[PDB]
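Enquirer: Below is one structure. I have some questions about it.
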Amino acid sequence: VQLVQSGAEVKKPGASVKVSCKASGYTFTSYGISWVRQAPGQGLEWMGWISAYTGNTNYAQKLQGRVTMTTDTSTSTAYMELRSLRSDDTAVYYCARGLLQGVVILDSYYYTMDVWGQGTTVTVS
Amino acid sequence: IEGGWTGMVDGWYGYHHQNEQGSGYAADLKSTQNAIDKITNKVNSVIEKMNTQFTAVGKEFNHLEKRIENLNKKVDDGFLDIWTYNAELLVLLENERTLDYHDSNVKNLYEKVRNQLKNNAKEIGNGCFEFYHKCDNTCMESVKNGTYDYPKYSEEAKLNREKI
Amino acid sequence: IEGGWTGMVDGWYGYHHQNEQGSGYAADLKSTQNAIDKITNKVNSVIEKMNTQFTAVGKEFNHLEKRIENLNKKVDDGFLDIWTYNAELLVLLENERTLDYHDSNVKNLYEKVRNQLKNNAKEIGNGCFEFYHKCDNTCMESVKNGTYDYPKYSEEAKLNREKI
Amino acid sequence: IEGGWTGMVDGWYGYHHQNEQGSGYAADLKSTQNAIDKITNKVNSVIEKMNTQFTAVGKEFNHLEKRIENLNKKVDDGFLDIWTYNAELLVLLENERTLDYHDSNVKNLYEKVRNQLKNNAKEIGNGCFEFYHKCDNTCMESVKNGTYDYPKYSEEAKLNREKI
Amino acid sequence: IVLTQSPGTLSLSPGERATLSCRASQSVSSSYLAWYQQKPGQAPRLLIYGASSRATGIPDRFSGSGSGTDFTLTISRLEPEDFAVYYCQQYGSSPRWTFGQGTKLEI
Amino acid sequence: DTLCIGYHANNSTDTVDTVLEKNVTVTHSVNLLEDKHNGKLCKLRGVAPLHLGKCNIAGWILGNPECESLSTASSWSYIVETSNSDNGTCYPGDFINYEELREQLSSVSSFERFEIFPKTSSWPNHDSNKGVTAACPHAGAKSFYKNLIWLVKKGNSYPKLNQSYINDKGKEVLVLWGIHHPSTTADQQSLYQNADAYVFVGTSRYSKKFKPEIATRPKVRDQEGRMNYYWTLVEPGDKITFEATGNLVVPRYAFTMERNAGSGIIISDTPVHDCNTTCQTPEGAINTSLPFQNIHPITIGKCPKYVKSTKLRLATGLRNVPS
Amino acid sequence: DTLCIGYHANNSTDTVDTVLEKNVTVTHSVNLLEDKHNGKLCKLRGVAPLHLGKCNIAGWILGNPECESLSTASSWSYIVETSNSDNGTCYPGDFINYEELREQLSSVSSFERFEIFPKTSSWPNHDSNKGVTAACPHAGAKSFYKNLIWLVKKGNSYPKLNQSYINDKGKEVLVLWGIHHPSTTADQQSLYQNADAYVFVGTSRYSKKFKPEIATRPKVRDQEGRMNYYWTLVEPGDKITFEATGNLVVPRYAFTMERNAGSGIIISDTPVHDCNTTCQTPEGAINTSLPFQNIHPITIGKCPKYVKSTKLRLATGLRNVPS
Amino acid sequence: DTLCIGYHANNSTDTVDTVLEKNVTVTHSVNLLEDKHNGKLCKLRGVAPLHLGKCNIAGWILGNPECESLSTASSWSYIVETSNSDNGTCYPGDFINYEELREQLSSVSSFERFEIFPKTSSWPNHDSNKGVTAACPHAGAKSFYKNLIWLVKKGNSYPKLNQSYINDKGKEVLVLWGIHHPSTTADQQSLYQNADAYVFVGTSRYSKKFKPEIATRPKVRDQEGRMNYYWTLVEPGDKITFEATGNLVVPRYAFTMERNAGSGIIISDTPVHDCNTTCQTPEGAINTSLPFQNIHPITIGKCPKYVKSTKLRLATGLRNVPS
Ligand SMILES: *[C@@H]1O[C@H](CO)[C@@H](O)[C@H](O)[C@H]1NC(C)=O
Ligand SMILES: *[C@@H]1O[C@H](CO)[C@@H](O)[C@H](O)[C@H]1NC(C)=O
Ligand SMILES: *[C@@H]1O[C@H](CO)[C@@H](O)[C@H](O)[C@H]1NC(C)=O
Ligand SMILES: *[C@@H]1O[C@H](CO)[C@@H](O)[C@H](O)[C@H]1NC(C)=O
Ligand SMILES: *[C@@H]1O[C@H](CO)[C@@H](O)[C@H](O)[C@H]1NC(C)=O
Ligand SMILES: *[C@@H]1O[C@H](CO)[C@@H](O)[C@H](O)[C@H]1NC(C)=O
Ligand SMILES: *[C@@H]1O[C@H](CO)[C@@H](O)[C@H](O)[C@H]1NC(C)=O
Ligand SMILES: *[C@@H]1O[C@H](CO)[C@@H](O)[C@H](O)[C@H]1NC(C)=O
Ligand SMILES: *[C@@H]1O[C@H](CO)[C@@H](O)[C@H](O)[C@H]1NC(C)=O
Ligand SMILES: *[C@@H]1O[C@H](CO)[C@@H](O)[C@H](O)[C@H]1NC(C)=O
Ligand SMILES: *[C@@H]1O[C@H](CO)[C@@H](O)[C@H](O)[C@H]1NC(C)=O
Ligand SMILES: *[C@@H]1O[C@H](CO)[C@@H](O)[C@H](O)[C@H]1NC(C)=O
Ligand SMILES: *[C@@H]1O[C@H](CO)[C@@H](O)[C@H](O)[C@H]1NC(C)=O
Ligand SMILES: *[C@@H]1O[C@H](CO)[C@@H](O)[C@H](O)[C@H]1NC(C)=O
Ligand SMILES: *[C@@H]1O[C@H](CO)[C@@H](O)[C@H](O)[C@H]1NC(C)=O
Ligand SMILES: *[C@@H]1O[C@H](CO)[C@@H](O)[C@H](O)[C@H]1NC(C)=O
Ligand SMILES: *[C@@H]1O[C@H](CO)[C@@H](O)[C@H](O)[C@H]1NC(C)=O
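Chains as they are written, first to last, in the numbering used here: chain A, 46 to 170; chain B, 50 to 213; chain C, 50 to 213; chain D, 50 to 213; chain E, 41 to 147; chain F, 81 to 403; chain G, 81 to 403; chain H, 81 to 403.
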């Protein structure tokens, strides 16, 4: 039903950052979890997707090698590791429920992001 | 291979785990997901590739246009036969392929295990394998994960073969 | 599995008996009958699934309806082209599957006898197996029935290992 | 079989050799010739089975023949939907068939190699084989052509197996 | 794959049609497109699941359409909440999503 | 002791094609394409067709003298014409909605001919014993149509016709009539009184006024005039009326028919024989359950679909590889 | 330490047919054939249909007094007619090119009624208040069509009509009129002056002259005389003229219309409910996404293709064989 | 001392869709869908097309003076009509069975223009030099059609016309004619003395009498009167008779035509060039043996079935995986 993001923090360039997304109200392992970045202004550009059920991931081609995701299914929390942060990467990241796994998808609903979190508002400076 | 398992909770393909430290029915997550995604694309290709336009069928004709009215019926009947016949064969052919496709994947899983073990376990022939060497749950997970090494407990298996 | 057997008139699949106590060809009637049932259902599915209505094809038009006669001709030619193209592809595709199906089944018997015989016979690769152990007619019958009592033959294999 | 070879001059299937006299890629001429001829016949069958008769698609009707214009449109739209749906499914199913056909051919070649080298080479499972005995260009060419005679080397591989 | 928003609703009054549309760079299935609404200061929410239908807890005023490369939102009547940024979500063949530029409606 | 697994061989030379290779020999196969026919026409669903060796539909329905010898059946599934059958219209002319009539008559469950307006009592004021064309004589008798009679002036007078009929049967009634178009005014007066003629025919659903078109035309069958042939169906319980001052060919016989199905017309020289079929092709009836045939694109009944191909044969057996 | 390779089994009873085997139970399946409907009619594309109910399309389009109460929508997605449709033409007669009018009206982007020739001032030289019939009374009032008025002689005088409509609107205009065919000459003279008369209607596109066809006819309703009904489309800017001395039934109302993408006419007694659907069937709205349906093939809209087969289901899971 | 088995790869970018997965890269593929054309019209069956450029089929077939810049050909593959083909019938009118004539003219194996009724001797009692109209200008002066002539009274008298042509050729003859409908009675009386006049045309199979319909019509192309255009085919051995007392426009030229009805009518604004193709599409000719094309639903000849899909690429090679 809900997605809860971890608290915001301010990091210096060259560090790595851990972003957590806790999900509740539905079976965690039926749905995948995606991340979307929103810089101040501009618009949404997709960050990545991880299959909570299978552990499969998919990342933006231009960002390959610096973004890695894992899922802890015993705690029901997804984790994102963002390497080599630069100052232009200040943005609010959102967690969303993505394509579901384990059954045949006939409806168009499940190819969309239905529930979205509050946003972690990570600042890089 | 020889029948399905009612003990699985979530998944289509999987393994039976019987060990001194525990027991259960752990699904083959990567193979099930690849097969399901391919079946999903198969069904969506069958459904979405039907080209539908905004049209209307059925026409009113005058007494003196019976020759045309039957032509409309002829057209509808011809399309009906085509749509019935191809649809039946399509469904039947897709179902045949789907079942063979699924059987191939389970056989592939059997081969996946077989080629990985490299004579470190006894093949039963009923779709099951009995390990010669002692295999812990970490070993079992290594087999499920597809990263299991025959050398790691190779000599013990040979000794257990001699014990035959 | 290379060429066929000219003397086998009791079935499509079977076994070749070459023993000093007797020889000859014999069908695997359960497998052969399974092939017959699936192929018969296949042909009946191709035949029975076409919808046929009581209709009339061909219509007479006068010299001021050539446009309409040409429309009827276009309809008949379209249906003729669709039915010929679909029938030719259905026949060719299904014949490929029928032949592959049969080759799969003969390979399935080869694999099944391999799994029953295990290490008690040398594979030739041309569809033949040469037994190391002496197998009496009834012993053969047990092989073809899928009830080969492997442990009572291994004791002779122990002596045959001194020959290899 | 784990990836494509961009260094091959020609042929769809082939071999790579690593030896003291040389190293490189070569085509399997019999398998590649058979696959090329069967695929060419498949393509020619797809083209040849359609034989359109001379027609004139499109008819002009006056203002007070609107039902006839809608009937002609109905016929053209129906044929358009049948041909589009059948063409999309024919190409998709044929492409699925071609890719499985190619994987079957390479697996069958792999199995033929297993049949000749069943007891002479270490199976790795990634498309590679490692010889236990020393093999020069002549025995390698024999394996490529077929009919490699196992007894000529025999026990030397056993001693290397003993060392391993 | 990319989309161009080409917004035509940059400034308009409440009560009139917002004839906003999205263009895809390639023809896509209607089942893979969705439209999102985000009010500044709040997290985004889903508005339409596919060009042809709406099945969520949202007022009946939101009804989209579209085919091929040309898709529209066409929200029939505006209100104070309604003016918020709109996004196009396009699913590809891989498990990957791409977004358009979007646009803000000025009150 | 050697035990081999393999498959049987056969002396059959049946050859099939596949996607990947052509001319594959198999030991057993079945056909989908029927390439055989009986060469005979026969009854469809148990009711014999109406066969008109010399007459066409126009001849039979109008009652051309050459059609007197044709048998009348109570029902048909289809109508058979021969390729040399052209003894149709006697007086040169053209049926209006001819093809519509030809298709509507293709299948009748109950067909009866009856005299709608008795020749000897319906027209006491007109001469019904003339109207002779000399175009289609019967044994030199110059006879006119048997189902229609052509009325002429009694003698220096043509009293106005006013006739009506009530369809008191439970089935549809097919009523035929014609309009004569003399070539000249002098012939209009010689044959009919009152050069300015009116003809009106109508039912509750059908209502049409006719006038003559008097002009000199090319000679056909040695006559320079023309006749138009019209028809209509009278629903049960309705009324059909005729009003005329001349130039009207009135029916004598009319047909009662209950239409129940679609069917066509076969043009064929094949003789008719008693056989039990489900589909009739102009080349001959077929005896098959197979999905396709290559006999003729024009068939009647629950026929296999026409395919322009030499063979559609499915393999059912094994590839035939000699020892 | 045992591992065994196998697959999921379930309690599902879905049975799927394939080529090699029939009645195979599968753990999961997807239906391709839709066999449900809402059971009520709804608005195709969200645009309301025109519901005539008991009244036919000729009746409503002509202003039949029985169905005067029908409202007019500015747009239609399709037309709903009941199976007991009656009160079409209210004076015995027959529309010519009736089906073409019905087909053209099946889908209209814009449809508004206007008075083309105002009754009060358009015909001061003729009596417009006696154009009534007992054939189709409104509550026994002995009235006539609402969209057409029937002019009769005034003062035993019938001046020639020379009326026209300029058509300065930007959309096509549908103009309907009729021709009266009295039972006898005495009725022509009693009702109209000038027994020998003509009616001419034409545009740049259409030009046709009509003449009364006076004859006694079979009685329909309580009258023998008949009316023929005609319609034309008037192109924008194309002047339409009505020149007549004969039995012209002049229009009073005409329709301004712009046609939408072609649709059809559905005949059904199903009640109309207010909802939206992707597709309309005579048994009710269907809003499915599946490629096939088995609901009566007279659908309007973009819809699944109709098949006769009882069931079409694709397997997605494995054969369900518990062990 | 090792060997590896594997498949070939190359620098291929061909993208192939499959049932289970999309956008598969293959080393070889065959494109079954033609999406290219040469942008030009060309010869079909080796015979040059008839290209009208600016003329309508009606304009050319009646001999419209603006169309004189076009020469005819002895054989046609198809007829090309452009989007600017406005120069059709000059005089306002409605060409009856115009679409059927267009179908009959779609292709002819042998076509020649024959002078059926030479002006010098065919009408010694009528004036064949008048009949030019402002609605058919040529060189700034009033003119008329070249294939038809409009007869008027020669000496304040219009003798009855009786002319016929005997078809002494071995091919069918297409004969065109028309009938004039003056705006008012005064115009017919000034133009023709008879006023009450008829036109009769007939053959063995064709017989029709026409009468002028005199009425005031909307003004089209500066004229109120109308012309009706008719045509008929005369089979070898038959004759055509024209009998009229006024209001007849009679042919001067007629065409001998050995018909080939297989072809159609193409609408295209692209020029005709020299090549040999098997199918012509409005965008341009194609040269292909492939089963499918996505260029246009409307094509003439032996071409691939139009398909709306973007691509039907059939794989021939194996999956391309660099490694
Ligand atoms: C699971 O498989 C991956 C394959 O790369 C491997 O890297 C990982 O270590 C495995 N996990 C285990 C054995 O827990
Ligand atoms: C084959 O084996 C079954 C048990 O699996 C047994 O019941 C049957 O009698 C056997 N038949 C023969 C011929 O040995
Ligand atoms: C095959 O041999 C049998 C004899 O067993 C014979 O009856 C049959 O006609 C032969 N068929 C052919 C095709 O030679
Ligand atoms: C197949 O065999 C027939 C003779 O039965 C022969 O005419 C034809 O050319 C052959 N086709 C091929 C491809 O071998
Ligand atoms: C079959 O033939 C019999 C012969 O007496 C006939 O009565 C019956 O109606 C026929 N049935 C069909 C279906 O032709
Ligand atoms: C029947 O047709 C033949 C055909 O040559 C003709 O000679 C004969 O006069 C015709 N008879 C009748 C009665 O129509
Ligand atoms: C058709 O075949 C059946 C046998 O199945 C036979 O009884 C019947 O008489 C045949 N009819 C014809 C017309 O050949
Ligand atoms: C199968 O079992 C599940 C258990 O949750 C139940 O919900 C479902 O309805 C059952 N299905 C059938 C067909 O019994
Ligand atoms: C399939 O099973 C149903 C019962 O669920 C039965 O009524 C039907 O006849 C069966 N069909 C076949 C072909 O066995
Ligand atoms: C539309 O589809 C939904 C399912 O998504 C269904 O509940 C609803 O009843 C349908 N409406 C109609 C009118 O059929
Ligand atoms: C859908 O139906 C509802 C019924 O209340 C209606 O209000 C709404 O306007 C309809 N949709 C459209 C696009 O008109
Ligand atoms: C409408 O039709 C009914 C059906 O009989 C009839 O009773 C009624 O009088 C008709 N009303 C009008 C105005 O035609
Ligand atoms: C692909 O590689 C070959 C190697 O010879 C080269 O000739 C060809 O131009 C290359 N293709 C492209 C598109 O660069
Ligand atoms: C297929 O995938 C490749 C991967 O980079 C991409 O470049 C190409 O554009 C894709 N083609 C389609 C049609 O999606
Ligand atoms: C092919 O085109 C040329 C013109 O370039 C022409 O001369 C030749 O006759 C054409 N071929 C045929 C068979 O007509
Ligand atoms: C030919 O078309 C042009 C189009 O502008 C028109 O002006 C001209 O009058 C036409 N010629 C004739 C003879 O009608
Ligand atoms: C048609 O294509 C073939 C294919 O090689 C080519 O040889 C021929 O010249 C082409 N003809 C034209 C007219 O383009």
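Virtual Cβ for every residue (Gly too), placed ideally from N, Cα, C.
(1) Which ranges does the beta strand (DSSP E) cover as unbroken runs of at least 3 residues, wholly within the segment 261-306 of chain F, from first to last along the chain?
(2) What residues are listed by DSSP as bridge partners for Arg82/A?
(3) Looking at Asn400/H and ligand 13, is the gap between the Cβ and the nearest heavy atom below 7 Å?
(4) Do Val155/D and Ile85/H have their C-beta atoms within less than 8 Å of each other?
(5) Let me make sure I understand the geometry here. Which of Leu228/G, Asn91/G and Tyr278/G has the alpha-carbon closest to that of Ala334/G?
(6) Does ligand 2 have even one heavy atom less than 7 Å from the beta-carbon of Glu51/B?
(7) I need the boundaries of the alpha helix (DSSP H) containing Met189/B, first residue and last residue.
(8) Which bits of chain B does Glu252/F rub up against, with CB to CB less than 8 Å?
(9) In chain order, what are the residues with a CB under 5 Å from some non-hydrogen atom of ligand 17?
(10) Between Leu208/D and chain H, is any beta-carbon pair separated by less than 8 Å?
(11) Determine, using beta-carbon pairs with one atom in the segment 341-357 of chain H and one in the segment 290-309 of chain H, whether at least three such pairs fall under 8 Å.
(12) Would you give the residue range spanned by the beta strand (DSSP E) that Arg393/H belongs to?
(13) Using a Cβ-Cβ cut-off of less than 7 Å, give me the residues of the segment 145-156 of chain A that come near chain G, in sequence order.
(14) Answer yes or no: the CB of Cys170/F versus the heavy atoms of ligand 6, is any distance below 7 Å?
(15) Under 7 Å from any heavy atom of ligand 7, does the C-beta of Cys122/F make it?
(16) Let's see if you can read the secondary structure: which residues bound the alpha helix (DSSP H) around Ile378/F?
(17) Quick one: give me the first and last residue of the beta strand (DSSP E) that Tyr245/H is part of.
(18) Runs of 3 residues minimum, wholly inside the segment 66-149 of chain D: which ones carry the beta strand (DSSP E) assignment?
(19) Give the straight-line distance between the Cα atoms of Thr264/G and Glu293/G, rounded to the nearest whole angstrom.
(20) Just checking, does the segment 145-163 of chain G make contact with the segment 127-136 of chain G on the three C-beta pairs under 8 Å criterion?
Expert: Answer, in terms of the structure:
(1) For the beta strand (DSSP E) assignment, the uninterrupted runs of no fewer than 3 residues enclosed by the segment 261-306 of chain F are, from N- to C-terminal side, 279-282 and 287-290.
(2) The partner list for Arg82/A (beta bridge, DSSP) reads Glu90/A and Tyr138/A.
(3) No; taking the cut-off as 7 Å, the Cβ of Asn400/H has no heavy atom of ligand 13 nearer than that.
(4) For the 8 Å CB-CB criterion, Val155/D and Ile85/H form a contact.
(5) The residue from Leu228/G, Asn91/G and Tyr278/G with its alpha-carbon nearest to that of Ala334/G is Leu228/G.
(6) No.
(7) Unbroken alpha helix (DSSP H) run through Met189/B: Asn186 to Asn194.
(8) Within 8 Å Cβ-Cβ: nothing; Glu252/F doesn't reach chain B, min ~11 Å.
(9) Near ligand 17, residues with a Cβ at less than 5 Å from any of the ligand's heavy atoms are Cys355/H and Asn367/H; the list follows chain order.
(10) Not closer than 8 Å to any Cβ of chain H, the Cβ of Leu208/D fails to qualify, so no.
(11) The segment 341-357 of chain H is not in contact with the segment 290-309 of chain H.
(12) First-last of the beta strand (DSSP E) with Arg393/H: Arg393 to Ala395.
(13) So the list reads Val149 and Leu151, given in the order they occur along the chain.
(14) For ligand 6, at least one heavy atom lies less than 7 Å from the Cβ of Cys170/F.
(15) Checking the Cβ of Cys122/F against ligand 7 gives yes.
(16) Segment: none, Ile378/F is in no alpha helix (DSSP H) and carries neither H nor E.
(17) For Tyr245/H, the uninterrupted beta strand (DSSP E) segment begins and ends at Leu241 to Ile246.
(18) With a minimum length of 3 residues, the continuous beta strand (DSSP E) runs that stay inside the segment 66-149 of chain D are 72-76.
(19) Rounded to whole angstroms, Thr264/G and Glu293/G show a C-alpha spacing of 10 Å.
(20) Touching, yes.
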